[PDB]
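Novice: Attaching a single structure in structure tokens format; questions to follow.
FYI, it's all coordinate maths here, none of it is from the lab. When we count neighbours, we look across all protein chains shown, and the Cβ atoms used for this are built from the backbone with ideal geometry, even at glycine.
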Amino acid sequence: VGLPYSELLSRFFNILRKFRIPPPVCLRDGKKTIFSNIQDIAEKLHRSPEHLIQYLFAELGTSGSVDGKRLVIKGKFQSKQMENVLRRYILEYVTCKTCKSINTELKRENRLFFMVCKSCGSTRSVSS
Amino acid sequence: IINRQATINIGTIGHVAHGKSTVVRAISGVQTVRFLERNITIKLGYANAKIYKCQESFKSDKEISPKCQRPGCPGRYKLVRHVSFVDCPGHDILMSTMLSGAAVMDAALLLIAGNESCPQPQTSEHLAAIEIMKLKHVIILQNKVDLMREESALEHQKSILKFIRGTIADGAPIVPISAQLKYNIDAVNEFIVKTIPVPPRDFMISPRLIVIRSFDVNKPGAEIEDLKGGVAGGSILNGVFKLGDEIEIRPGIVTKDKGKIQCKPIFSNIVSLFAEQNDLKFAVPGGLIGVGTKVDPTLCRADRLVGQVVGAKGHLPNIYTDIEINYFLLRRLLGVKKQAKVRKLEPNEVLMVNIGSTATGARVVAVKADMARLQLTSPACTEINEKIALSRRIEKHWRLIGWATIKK
């Protein structure tokens, strides 16, 4: 069978919709992981600071309290692995495969997070 | 609004690490359970899906929620049908579950992706199995066309066409779909509705229930005065199940912890049935329905009730501790993108065997040309007939050899 396919392809084609990363000037501060440029990252990429903390928690067994701009989280971890983590967050955690859009906002629809983009309107499932 | 239950069964099969469960979820609604005590037991996908069409053509009509406010229609949708999706993994090792699904299924869904090699063995094997177990309704689906250019997809399609020529199944629709976009599901629904003629089920032949997953549905820290029975999540092959039946579990469990295997089967009684959202009395076959039986929460755990069968008092499912398998060997080992010839069997070595619905490790006793005898460690049974697929140790993870038949 090779007749109802071209139309579908056409339809697919029709429905189709880095400088934004801030330079991080941070050296490997020991004992406790401290970040002062985290606020800027939160601002520019448009995301809540608590989400980043949650992500960090998910990644590694660290204990710390939230401080309002510069965070106090226990752990002697490297400046390049944090960078890698940030890169990962920028990539396969947020953004979209079909469109490379900037503005993504937080909405909750059952209990786990389902992030939405403001440029068009499409839902994606992120957990891993 | 009072909603009807499932009568027609739809199954989805493909290849490992491609994504099937996710696709199923996208098609349906709420997230599946499988893949400490709850949810996980054996790899399967279960969720409720709704067939409510709005006619006031093309492709777009269907939606996720019952309240429809997406394309441009204010009112309700007309009554068509309801479905509960059952998903089986497309692994060269996990085959018993697929086989089980096959007998049950009324509609089939096949998946091929454009990121690996073109000539495929596992898919072919699956097709052969389908052909064998009296099935004709097959639907071909395309997995991922997101980073692809323009011509590669076309080439792939051409290759597929070339491949499917000398086969039994011909009446097949080809739809290219996405899993994560949450669009292009209405078209699929439409296809499911239109192209397939709906078959009815008969309740005269002897009833069978195949439990793949075991559950304990309670709050973590349940009180003694209010205790619910152990729910057995099983797919029904044939025979309508109603409230008030004496159920038995077949294969038997190792209770002494010298080692004996000969013991009586375990009997249990139904408390309540869990289907769709609201509670129902009767259970229509074709789907994975939670049968709440009087079984302990301690008994249902992880690697003991994998593929244990359920039947009414005084029945015909056969108990096995030692299994008879008649194997047909292929020319060469298939699955690699290096190729090796199939060697003759060697005594006393651990290999994984798949019959009925069970996926468990076994030991080799005797060496022959066509037949084999194997000793089982964890509970296993054979239903009516069904095919066999063997998986052997070659390199780290288990690999396929071919197909087999059961004489008993």
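Novice: Could you work out the mean count of beta carbons from other protein chains within 10 Å of each residue's beta carbon in B:58-65?
Specialist: 1
Novice: In addition: Starting with the fewest neighbours, write out B:325, B:132, B:42 ranked by other beta-carbon atoms found within 10 Å of each beta-carbon.
Specialist: B:132, B:325, B:42
Novice: Taking square-rooted eigenvalues a ≥ b ≥ c of the alpha carbon gyration tensor, is region B:36-77 rounded, prolate or oblate, where a/c under 1.5 means rounded and, failing that, a/b exceeding b/c means prolate? Can you show the working numbers first?
Specialist: On the way: a/c = 4.26, a/b = 2.84, b/c = 1.50.
Since a/c reaches 1.5 and a/b is larger than b/c, the shape of region B:36-77 is classed as prolate.
Novice: Taking residue A:32 as the anchor, which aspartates and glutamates have their alpha carbon closer than 19 Å to its alpha carbon, excluding any fewer than eight residues away along the same chain?
Specialist: Within the straight-line limit of under 19 Å, residue A:32 reaches these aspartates and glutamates: A:50, A:59, A:67, A:83.
Novice: Same structure, new question: Given R₀ = 25 Å, FRET efficiency for residue A:107-residue B:35 by Cβ-Cβ distance, to 0.05?
Specialist: Here the calculated transfer efficiency is 0.40.
Novice: Near residue B:174, within a Cβ-to-Cβ distance under 13 Å, what is the net charge of the other residues, with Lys and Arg +1 and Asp and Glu -1?
Specialist: Neighbour charge sum, excluding residue B:174 itself: -1.
Novice: Taking square-rooted eigenvalues a ≥ b ≥ c of the alpha carbon gyration tensor, is chain B rounded, prolate or oblate, where a/c under 1.5 means rounded and, failing that, a/b exceeding b/c means prolate?
Specialist: Oblate is the answer for chain B, as a/c is 1.5 or above yet b/c matches or exceeds a/b.
Novice: In deg cm²/dmol, rounded to 500, what helix-only [θ] at 222 nm does chain B give when every DSSP H run of at least 4 residues adds -39500 (n - 2.57) and the total is split over its residues?
Specialist: The helix contribution divided over chain B gives -3500 deg cm²/dmol.
Novice: Under the definition of partner shielding as Cβ atoms of other protein chains within 10 Å of a residue Cβ, what is the mean value for peptide B:166-179?
Specialist: Numbers: counts 0, 0, 0, 0, 1, 1, 1, 3, 6, 3, 5, 2, 4, 1.
So the per-residue partner count for this stretch is 2.
Novice: Let me confirm one metric for peptide A:2-8, namely the mean number of other chain beta-carbon atoms within 10 Å of its residues' beta-carbons.
Specialist: Working: counts 5, 1, 4, 8, 1, 2, 8.
Going residue by residue through A:2-8 and averaging, the value is 4.
Novice: Under a 5 Å amide H to amide H cut-off, with H placed in plane at 1.01 Å, what residues pair with residue B:318 once short-range neighbours are removed?
Specialist: B:382
Novice: Place the peptides A:50-60, B:351-361, B:225-235 in order of packing, highest mean first, counting for every residue the other Cβ atoms within 10 Å and averaging per peptide.
Specialist: Details: A:50-60: 14.3, B:351-361: 22.1, B:225-235: 18.5.
Most protected by this proxy first, the peptides run B:351-361, B:225-235, A:50-60.
Novice: Moving on. According to the square roots a ≥ b ≥ c of the eigenvalues of the Cα gyration tensor, what is the shape class of region B:202-316, taking rounded for a/c under 1.5, prolate for a/b larger than b/c otherwise, and oblate for the remainder?
Specialist: Numbers: a/c = 1.95, a/b = 1.13, b/c = 1.73.
In terms of gyration-tensor shape, oblate.
Novice: Net charge around residue B:388, counting only other residues with Cβ within less than 15 Å of its Cβ (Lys, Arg = +1; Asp, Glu = -1)? Walk me through the numbers before you get to the answer.
Specialist: Working: positive: B:373, B:387, B:392, B:407, B:408; negative: B:92, B:125, B:322, B:324, B:370, B:383, B:386.
That sum, taken over residues with Cβ under 15 Å, equals -2.
Novice: Once you list every other residue whose beta carbon is under 9 Å from the beta carbon of residue B:265, what net charge do they have if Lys and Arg are +1 and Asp and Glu are -1? Walk me through the numbers before you get to the answer.
Specialist: Values: positive: B:250, B:264; negative: B:248.
Net of charged neighbours comes to +1.
Novice: When the Karplus curve 6.51 cos²θ - 1.76 cosθ + 1.60 is applied with θ = phi - 60°, which whole-Hz ³J(HN,Hα) does each residue of region B:37-47 get, with x for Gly and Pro?
Specialist: Coupling constants for region B:37-47: 9, 8, 6, 7, 8, 8, 5, 7, x, 9, 7 Hz.
Novice: Okay, moving on. In straight Cα distance, which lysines are under 30 Å from residue B:256, not counting same-chain residues fewer than 8 positions off?
Specialist: Excluding near neighbours in sequence, the set is B:43, B:228, B:264, B:294, B:313, B:408.
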